[PDB]
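**Q** Before we start, here is the structure in question, set down as structure tokens.
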Amino acid sequence: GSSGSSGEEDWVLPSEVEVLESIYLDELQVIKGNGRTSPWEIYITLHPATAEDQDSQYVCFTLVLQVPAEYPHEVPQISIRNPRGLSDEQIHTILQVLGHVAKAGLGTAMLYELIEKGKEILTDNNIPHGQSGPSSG
């Protein structure tokens with residue numbers, strides 16, 4: 001909703017990716033597009049700083065980051081893929097939070113950050129849902 005006859009050939013989205021590809025070369029995967037939207041889809045599976053991790057990571061979620069054409073102007077579509085251990089409830093929170101970070105970091109690089117948050121979030125709700133019913137309420 002903004003008359004945009006023409007802008008500039010600048011994009012920070014890629015400027016940040018070129019770096020991430022070096023750090024999370026494998027820890028994260030990036031995808032390119034074509035056409036007008038040419039949305040860049042990126043995936044990554046974060047894990048808690050739990051001890052057992054040393055061997056295996058029971059809980060894990062492939063943080064999906066879909067960077068549209070507007071980006072950064074437009075926050076990347078955040079979605080939890082292959083949510084292990086986490087429940088519909090927990091997952092819901094992860095998204096809401098992760099999203100907040102983006103909206104707050106609009107116009108500027110956020111992807112990198114958005115990812116970090118995911119790690120922390122889980123760290124807290126690492127343990128799987130036990131007894132049915134929220135203790136607090």
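Residues in the structure tokens are numbered from 1 in each chain, the chains being A, B, ... in the order shown, and ligands are numbered from 1 in the order shown.
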Residues at most 9 Å from segment 40-49 of chain A, counting only C-alpha atoms, excluding those fewer than 2 positions away in the same chain, as a ChimeraX atom specification?

**A** /A:13,24,26-33,37-38,51-53,57,59-69,76,81,115-116,118-124,126

**Q** Output the selection as a compact mmCIF listing (two decimals), in the first residue's frame - N, CA, C and O atoms for each residue.

**A**
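File out13.txt, as written:
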```txt
# COMPACT_ATOMS: atom_id res chain seq x y z
N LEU A 13 19.38 -7.80 2.64
CA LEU A 13 19.06 -9.21 2.83
C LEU A 13 20.23 -10.10 2.42
O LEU A 13 20.68 -10.96 3.17
N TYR A 24 26.86 -20.38 9.18
CA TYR A 24 25.93 -21.50 9.23
C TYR A 24 25.90 -22.24 7.90
O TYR A 24 24.88 -22.83 7.52
N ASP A 26 26.33 -24.94 6.91
CA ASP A 26 25.55 -26.16 7.00
C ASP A 26 24.43 -26.02 8.04
O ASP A 26 23.30 -26.44 7.80
N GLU A 27 24.77 -25.43 9.18
CA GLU A 27 23.79 -25.23 10.25
C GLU A 27 22.51 -24.60 9.71
O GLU A 27 21.44 -24.73 10.30
N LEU A 28 22.63 -23.91 8.58
CA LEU A 28 21.48 -23.25 7.96
C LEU A 28 21.56 -23.34 6.44
O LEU A 28 22.65 -23.36 5.86
N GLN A 29 20.40 -23.40 5.79
CA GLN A 29 20.34 -23.49 4.34
C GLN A 29 19.60 -22.29 3.75
O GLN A 29 18.56 -21.88 4.27
N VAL A 30 20.14 -21.74 2.67
CA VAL A 30 19.53 -20.59 2.01
C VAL A 30 19.04 -20.95 0.62
O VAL A 30 19.66 -21.76 -0.08
N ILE A 31 17.92 -20.36 0.22
CA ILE A 31 17.34 -20.62 -1.10
C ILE A 31 17.04 -19.31 -1.83
O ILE A 31 16.52 -18.37 -1.24
N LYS A 32 17.36 -19.28 -3.12
CA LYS A 32 17.11 -18.09 -3.93
C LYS A 32 15.86 -18.27 -4.78
O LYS A 32 15.38 -19.38 -4.98
N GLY A 33 15.34 -17.16 -5.29
CA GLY A 33 14.14 -17.21 -6.12
C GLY A 33 14.34 -16.53 -7.46
O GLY A 33 15.46 -16.22 -7.85
N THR A 37 8.82 -11.13 -7.04
CA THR A 37 8.94 -11.38 -5.61
C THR A 37 10.32 -11.93 -5.27
O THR A 37 10.94 -11.51 -4.30
N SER A 38 10.79 -12.88 -6.08
CA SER A 38 12.10 -13.48 -5.86
C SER A 38 12.40 -13.61 -4.37
O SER A 38 13.43 -13.17 -3.87
N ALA A 51 22.68 -30.66 28.28
CA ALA A 51 23.82 -31.57 28.38
C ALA A 51 23.67 -32.73 27.41
O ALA A 51 24.51 -32.93 26.52
N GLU A 52 22.60 -33.51 27.57
CA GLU A 52 22.35 -34.66 26.71
C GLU A 52 22.74 -34.35 25.27
O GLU A 52 23.15 -35.24 24.52
N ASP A 53 22.60 -33.09 24.88
CA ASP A 53 22.93 -32.66 23.53
C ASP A 53 24.25 -33.28 23.08
O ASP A 53 24.36 -33.78 21.96
N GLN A 57 20.06 -34.61 20.29
CA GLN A 57 19.16 -33.52 20.64
C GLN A 57 17.70 -33.94 20.43
O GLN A 57 17.16 -33.82 19.33
N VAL A 59 14.91 -32.55 21.39
CA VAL A 59 14.12 -31.42 20.92
C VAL A 59 14.86 -30.66 19.81
O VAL A 59 16.05 -30.38 19.93
N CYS A 60 14.14 -30.34 18.74
CA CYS A 60 14.72 -29.62 17.62
C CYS A 60 13.63 -29.08 16.70
O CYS A 60 12.62 -29.74 16.45
N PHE A 61 13.84 -27.87 16.19
CA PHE A 61 12.88 -27.24 15.29
C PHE A 61 13.59 -26.52 14.15
O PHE A 61 14.51 -25.74 14.37
N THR A 62 13.15 -26.79 12.92
CA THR A 62 13.74 -26.18 11.74
C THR A 62 13.17 -24.78 11.51
O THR A 62 12.27 -24.60 10.69
N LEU A 63 13.71 -23.80 12.23
CA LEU A 63 13.25 -22.42 12.10
C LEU A 63 13.24 -21.99 10.63
O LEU A 63 14.29 -21.84 10.01
N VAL A 64 12.04 -21.79 10.09
CA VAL A 64 11.88 -21.38 8.70
C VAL A 64 11.82 -19.86 8.59
O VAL A 64 11.05 -19.21 9.30
N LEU A 65 12.63 -19.30 7.70
CA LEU A 65 12.66 -17.86 7.49
C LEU A 65 12.46 -17.51 6.01
O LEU A 65 13.38 -17.66 5.21
N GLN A 66 11.26 -17.06 5.67
CA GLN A 66 10.95 -16.70 4.30
C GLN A 66 11.06 -15.19 4.09
O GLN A 66 10.20 -14.43 4.52
N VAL A 67 12.14 -14.77 3.44
CA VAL A 67 12.37 -13.35 3.18
C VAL A 67 11.73 -12.92 1.86
O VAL A 67 12.17 -13.29 0.77
N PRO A 68 10.65 -12.13 1.96
CA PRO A 68 9.92 -11.63 0.79
C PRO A 68 10.73 -10.61 0.00
O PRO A 68 11.92 -10.43 0.22
N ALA A 69 10.06 -9.93 -0.93
CA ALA A 69 10.72 -8.92 -1.76
C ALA A 69 10.83 -7.59 -1.01
O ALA A 69 11.79 -6.85 -1.20
N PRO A 76 10.29 -11.50 7.65
CA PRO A 76 10.31 -12.83 7.04
C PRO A 76 9.29 -13.77 7.67
O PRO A 76 9.18 -13.86 8.89
N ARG A 81 9.00 -25.79 11.51
CA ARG A 81 8.93 -27.00 10.71
C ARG A 81 9.57 -28.18 11.44
O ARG A 81 10.67 -28.05 11.99
N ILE A 115 17.21 -15.79 14.37
CA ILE A 115 17.73 -17.13 14.63
C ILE A 115 18.18 -17.28 16.08
O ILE A 115 17.79 -18.21 16.77
N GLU A 116 19.01 -16.34 16.53
CA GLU A 116 19.52 -16.36 17.89
C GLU A 116 18.38 -16.58 18.89
O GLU A 116 18.42 -17.50 19.70
N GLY A 118 15.48 -17.87 18.71
CA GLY A 118 15.02 -19.25 18.72
C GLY A 118 15.78 -20.11 19.71
O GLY A 118 15.18 -20.88 20.46
N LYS A 119 17.10 -19.99 19.70
CA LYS A 119 17.94 -20.76 20.60
C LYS A 119 17.56 -20.51 22.06
O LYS A 119 17.24 -21.45 22.79
N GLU A 120 17.59 -19.25 22.47
CA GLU A 120 17.24 -18.88 23.83
C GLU A 120 15.85 -19.40 24.20
O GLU A 120 15.70 -20.17 25.16
N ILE A 121 14.85 -18.99 23.44
CA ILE A 121 13.48 -19.43 23.69
C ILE A 121 13.43 -20.88 24.12
O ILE A 121 12.98 -21.20 25.22
N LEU A 122 13.90 -21.77 23.25
CA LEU A 122 13.91 -23.20 23.55
C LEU A 122 14.61 -23.47 24.88
O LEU A 122 14.06 -24.13 25.76
N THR A 123 15.83 -22.97 25.02
CA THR A 123 16.61 -23.15 26.24
C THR A 123 15.71 -23.12 27.47
O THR A 123 15.90 -23.89 28.41
N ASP A 124 14.72 -22.23 27.45
CA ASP A 124 13.79 -22.10 28.57
C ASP A 124 12.79 -23.25 28.57
O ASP A 124 12.67 -23.98 29.56
N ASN A 126 12.84 -26.09 27.17
CA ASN A 126 13.53 -27.27 26.64
C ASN A 126 12.77 -28.55 27.00
O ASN A 126 12.50 -29.38 26.13
```

**Q** Enumerate the residues of segment 11-114 of chain A with a DSSP assignment of strand (DSSP E or B), computed from the backbone, and present them as JSON, numbers by chain.

**A** {"A": [28, 29, 30, 31, 40, 41, 42, 43, 44, 45, 46, 60, 61, 62, 63, 64, 65, 66, 67, 77, 78, 79, 80, 81, 82, 83, 84]}

**Q** Next, the residues of the selection above should be written as a short mmCIF file (atom, residue, chain, number, x, y, z; two decimals), in the first residue's frame with N, CA, C and O atoms.

**A**
```cif
data_model
loop_
_atom_site.label_atom_id
_atom_site.label_comp_id
_atom_site.auth_asym_id
_atom_site.auth_seq_id
_atom_site.Cartn_x
_atom_site.Cartn_y
_atom_site.Cartn_z
N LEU A 28 22.63 -23.91 8.58
CA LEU A 28 21.48 -23.25 7.96
C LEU A 28 21.56 -23.34 6.44
O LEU A 28 22.65 -23.36 5.86
N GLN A 29 20.40 -23.40 5.79
CA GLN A 29 20.34 -23.49 4.34
C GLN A 29 19.60 -22.29 3.75
O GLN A 29 18.56 -21.88 4.27
N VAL A 30 20.14 -21.74 2.67
CA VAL A 30 19.53 -20.59 2.01
C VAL A 30 19.04 -20.95 0.62
O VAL A 30 19.66 -21.76 -0.08
N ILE A 31 17.92 -20.36 0.22
CA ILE A 31 17.34 -20.62 -1.10
C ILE A 31 17.04 -19.31 -1.83
O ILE A 31 16.52 -18.37 -1.24
N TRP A 40 13.52 -15.10 -0.86
CA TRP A 40 14.60 -15.98 -0.43
C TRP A 40 14.18 -16.82 0.77
O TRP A 40 13.96 -16.28 1.86
N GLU A 41 14.07 -18.13 0.58
CA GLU A 41 13.68 -19.03 1.65
C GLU A 41 14.90 -19.61 2.35
O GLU A 41 15.80 -20.14 1.70
N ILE A 42 14.93 -19.50 3.67
CA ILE A 42 16.04 -20.02 4.46
C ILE A 42 15.55 -20.92 5.59
O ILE A 42 14.50 -20.67 6.19
N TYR A 43 16.30 -21.97 5.87
CA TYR A 43 15.95 -22.92 6.92
C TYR A 43 17.11 -23.12 7.89
O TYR A 43 18.26 -22.87 7.55
N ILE A 44 16.79 -23.57 9.10
CA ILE A 44 17.80 -23.80 10.12
C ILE A 44 17.21 -24.53 11.32
O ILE A 44 16.09 -24.24 11.75
N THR A 45 17.97 -25.48 11.87
CA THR A 45 17.52 -26.24 13.02
C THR A 45 18.34 -25.90 14.26
O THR A 45 19.49 -26.31 14.39
N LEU A 46 17.74 -25.14 15.17
CA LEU A 46 18.41 -24.73 16.40
C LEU A 46 18.29 -25.82 17.46
O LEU A 46 17.43 -26.69 17.38
N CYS A 60 14.14 -30.34 18.74
CA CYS A 60 14.72 -29.62 17.62
C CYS A 60 13.63 -29.08 16.70
O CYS A 60 12.62 -29.74 16.45
N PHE A 61 13.84 -27.87 16.19
CA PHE A 61 12.88 -27.24 15.29
C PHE A 61 13.59 -26.52 14.15
O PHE A 61 14.51 -25.74 14.37
N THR A 62 13.15 -26.79 12.92
CA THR A 62 13.74 -26.18 11.74
C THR A 62 13.17 -24.78 11.51
O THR A 62 12.27 -24.60 10.69
N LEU A 63 13.71 -23.80 12.23
CA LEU A 63 13.25 -22.42 12.10
C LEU A 63 13.24 -21.99 10.63
O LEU A 63 14.29 -21.84 10.01
N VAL A 64 12.04 -21.79 10.09
CA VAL A 64 11.88 -21.38 8.70
C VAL A 64 11.82 -19.86 8.59
O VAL A 64 11.05 -19.21 9.30
N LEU A 65 12.63 -19.30 7.70
CA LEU A 65 12.66 -17.86 7.49
C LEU A 65 12.46 -17.51 6.01
O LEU A 65 13.38 -17.66 5.21
N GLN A 66 11.26 -17.06 5.67
CA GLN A 66 10.95 -16.70 4.30
C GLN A 66 11.06 -15.19 4.09
O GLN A 66 10.20 -14.43 4.52
N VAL A 67 12.14 -14.77 3.44
CA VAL A 67 12.37 -13.35 3.18
C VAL A 67 11.73 -12.92 1.86
O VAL A 67 12.17 -13.29 0.77
N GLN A 77 8.53 -14.47 6.82
CA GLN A 77 7.52 -15.40 7.29
C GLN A 77 8.13 -16.47 8.19
O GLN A 77 8.83 -17.37 7.72
N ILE A 78 7.88 -16.36 9.49
CA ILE A 78 8.41 -17.32 10.46
C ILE A 78 7.44 -18.48 10.67
O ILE A 78 6.26 -18.27 10.92
N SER A 79 7.96 -19.70 10.56
CA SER A 79 7.14 -20.89 10.73
C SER A 79 7.98 -22.05 11.26
O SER A 79 9.11 -22.27 10.80
N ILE A 80 7.43 -22.79 12.21
CA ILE A 80 8.13 -23.93 12.80
C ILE A 80 7.91 -25.19 11.97
O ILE A 80 6.77 -25.62 11.76
N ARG A 81 9.00 -25.79 11.51
CA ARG A 81 8.93 -27.00 10.71
C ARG A 81 9.57 -28.18 11.44
O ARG A 81 10.67 -28.05 11.99
N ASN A 82 8.88 -29.31 11.44
CA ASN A 82 9.39 -30.51 12.10
C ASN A 82 9.63 -30.25 13.59
O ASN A 82 10.71 -30.51 14.12
N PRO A 83 8.60 -29.71 14.27
CA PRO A 83 8.68 -29.40 15.70
C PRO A 83 8.73 -30.66 16.56
O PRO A 83 7.73 -31.36 16.72
N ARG A 84 9.90 -30.94 17.12
CA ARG A 84 10.08 -32.12 17.97
C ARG A 84 10.07 -31.73 19.45
O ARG A 84 10.71 -30.76 19.85
#
```

**Q** Quick one, how far is atom CA of residue 137 of chain A from atom CA of residue 98 of chain A?

**A**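 Separation of atom CA of residue 137 of chain A and atom CA of residue 98 of chain A: 23.7 Å.
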
**Q** Check chain A with DSSP on the backbone and list each residue it calls helix (DSSP H, G or I), as a ChimeraX atom specification.

**A** /A:12-23,52-54,88-104,111-124

**Q** Rank nothing, just name the residue among A:130, A:39, A:7, A:99 nearest to residue 86 of chain A, using only C-alpha atoms.

**A**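 Answer, going by the shortest atom-to-atom distance: A:130.
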
**Q** Which is closer to residue 88 of chain A than all the others in A:107, A:74, A:128, A:58, using only C-alpha atoms?

**A**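 Counting only C-alpha atoms, the residue closest to residue 88 of chain A is A:128.
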
**Q** Can you tell me how far atom CA of residue 16 of chain A sits from atom CA of residue 96 of chain A, in Å to one decimal?

**A**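 Atom CA of residue 96 of chain A lies at a distance of 23.1 Å from atom CA of residue 16 of chain A.
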
**Q** To one decimal in Å, tell me the separation between atom CA of residue 105 of chain A and atom CA of residue 20 of chain A.

**A**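 Separating atom CA of residue 105 of chain A from atom CA of residue 20 of chain A is a distance of 17.4 Å.
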